[PDB]
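Have a look at the structure below, then the notes.
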Amino acid sequence: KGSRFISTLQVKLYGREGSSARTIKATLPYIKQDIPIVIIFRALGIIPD
Amino acid sequence: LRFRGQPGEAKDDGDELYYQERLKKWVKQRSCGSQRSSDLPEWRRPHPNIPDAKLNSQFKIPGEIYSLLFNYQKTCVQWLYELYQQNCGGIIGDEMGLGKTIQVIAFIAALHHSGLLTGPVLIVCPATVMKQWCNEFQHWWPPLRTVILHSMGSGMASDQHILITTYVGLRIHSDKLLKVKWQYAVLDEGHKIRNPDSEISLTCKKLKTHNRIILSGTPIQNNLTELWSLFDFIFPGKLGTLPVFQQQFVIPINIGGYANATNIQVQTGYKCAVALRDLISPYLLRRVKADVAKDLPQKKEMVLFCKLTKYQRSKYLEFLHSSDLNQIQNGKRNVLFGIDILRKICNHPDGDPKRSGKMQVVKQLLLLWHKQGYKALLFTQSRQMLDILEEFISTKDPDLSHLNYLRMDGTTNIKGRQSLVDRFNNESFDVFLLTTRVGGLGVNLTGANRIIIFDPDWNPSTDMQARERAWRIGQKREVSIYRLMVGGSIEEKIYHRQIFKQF
Amino acid sequence: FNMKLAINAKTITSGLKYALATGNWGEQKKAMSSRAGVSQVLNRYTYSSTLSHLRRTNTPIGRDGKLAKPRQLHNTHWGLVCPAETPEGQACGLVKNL
DNA sequence: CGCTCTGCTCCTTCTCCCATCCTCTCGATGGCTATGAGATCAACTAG
RNA sequence: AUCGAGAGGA
DNA sequence: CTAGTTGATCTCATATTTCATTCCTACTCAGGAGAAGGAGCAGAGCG
């Protein structure tokens, strides 16, 4: 739209299920921290599991 | 560092030490016999000058100088006398040619006798002006010990009453001679300093004493733009200093005073200027020619309207189109040269006068006056142009230099310079090319009948100074000023810019 | 109005001109997104010398000291570019031909 | 056995470097104040 | 001229 | 020998103000490898 951005969101699968892969965090636009998807769902207006 | 090396520098050391101590060259040339403390026993016998101000009851200024003063000078000196007694400064705004040096001296005469001011007095003006004033101080009032501070080593060595020096001398060593027991100080024409951003302005400030006075041929009506810096000296404890004014009055003056294109009026800026200006009533002294100029003609003036030729018009525009000054960026050499180049399209171009409307206007006016038998001045602010104009009237049209053309170069000393002035005023010469700066010098060419300005300065009040020389009292014939302005060119832009200063 | 438009006209006309002329598509002030690999001149020695410009493709670079994976022929290149037509050396796989 | 102290292990961040030699072409760009006037010093010259 | 950029040769 | 005069070179004041702002990234792949530096942790002697 006169911009394109070709920006990106990153989804990080933390290694192996033995420890770090317990969760997945995402890199969001201008956000200093990677954030767990369940937090993101709350932000998305989604509560029920 | 000298070509001769240390053998030559050893000689230099000789004279150097002598300048600091006693140089026989100096002793013989400017010391022994020149009203020194050992000479004054012989000179004060001719001039014991008994101060009527102290001698006789109810007197303020001593007759020896007071009777030399003109009635109006007598009045002004008495006013200055009182300013000293009030411990305050002032502006001696007497109009040019009326005389102020003697007023200072008359005042001084009273200072060291009725005022008991036996200590040092500081007076500053140009070197050739001091050659004159030195003799005047020496022959007008030698009871105040004469000390002439010309040079550093030898000048400073005379650490004793009245101190005579120059502006050049101030740059030579005033940083060392600060507050040298000064009991009174006065500077000549204040506009020898004028520039607010100069080191002279800083020097002027440095020259601090009990009572600080400045002489000037100007008024305080609307000259504040630069007077603000003179106030540093004259009124340090009456009005304040320039940097104060820069915030106190200058801000609203600059905002409205230039006919602001938004919401601010000139009158507001003016009112601020008024608030400062009108404080200087009892400190402003002014002798006017209303009671002096009893025999002179009408000060006439006009502007010529010369149009550009096809050649000239095309080329000054072509420079602007092809040079691309705004991508070069502004304030650059060729950009700034452009300011002059667009004028040079008619002043030069490099180039017979048939290609210049201005050269043709001058041609026609001088040939008219050739038959009229009128003496005439040409007015130009540039040596490159002084010679170009001479080539115009000698290699391009010889007959114009054949109208008894005359001009001062400046390398000629005052003896020759004076004869140049006399040559033009007397029938010997009929045409003379003049610059504002020699107008300042004293080139009083009242013999002129008509004056053509080929390329003036960028300020009407400086053009005035040259005109005042041409219009000196005693003149018997009317002289009209012809400003040669070229329509459509940068000369009109320049014309309006210099008007904005006068405006 | 009609003054700022003149400024713009010069700026556009000469700006676009200049940028392609230098072969850089950024601010032109320093290393501003060079596109030297895009801007060049027509090689005129024969008929096919111009056809060369048609088919040559400017690929993205792997800096210096890197070739295979990319450059190495991938079978998705089959039918799209001609695997025989590649320049040798630094350009080995840098330039492709349709 | 807690306190403390210390040494041990790990993690994270930073920093510098891309063969030799040669040939041609293009090209952009530079490249930005003054102003003479005045004064004093040196050098030559004649009395 | 001085960099920079691009191609070819060993 | 020295005073006079005149050329040479260096350093300086007095007018235009003039005119606004310059601007963000849009961001793309960009690497290799090894040192240096901090951070936290665990256990040994001490209180």
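Here Swiss-Prot sets the residue numbers for chain B, with the shown residues being 229-388, 442-631, 645-797 in order.
This deposition comes from electron microscopy, 5.8 Å.
Using N, Cα and C of the backbone, Cβ positions are placed for all residues, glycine too.
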*asked:* Tell me which of B:240-243, B:340-343, B:469-472 corresponds to the motif 'DEGH box' entry in Swiss-Prot.
replied: B:469-472
*asked:* Cβ within 8 Å of the ATP site centroid (B:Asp322, B:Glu323, B:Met324, B:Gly325, B:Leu326, B:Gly327, B:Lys328, B:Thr329 excluded): which residues?
replied: B:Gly498, B:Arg568
*Under a criterion of Cβ-Cβ distance under 8 Å and sequence separation of at least 6, what residues of the same chain contact B:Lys328 (ATP binding site)?*
B:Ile320, B:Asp322, B:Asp469, B:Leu496
*What does DSSP give as the helix, strand and coil breakdown of the motif 'DEGH box' (B:469-472)?*
2 helix, 0 strand, 2 coil
_For B:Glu323 (ATP binding site): DSSP state (helix, strand, coil)_ = coil
_Cβ atoms near B:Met324 (ATP binding site) (within 10 Å, other residues, all chains)_ = 17
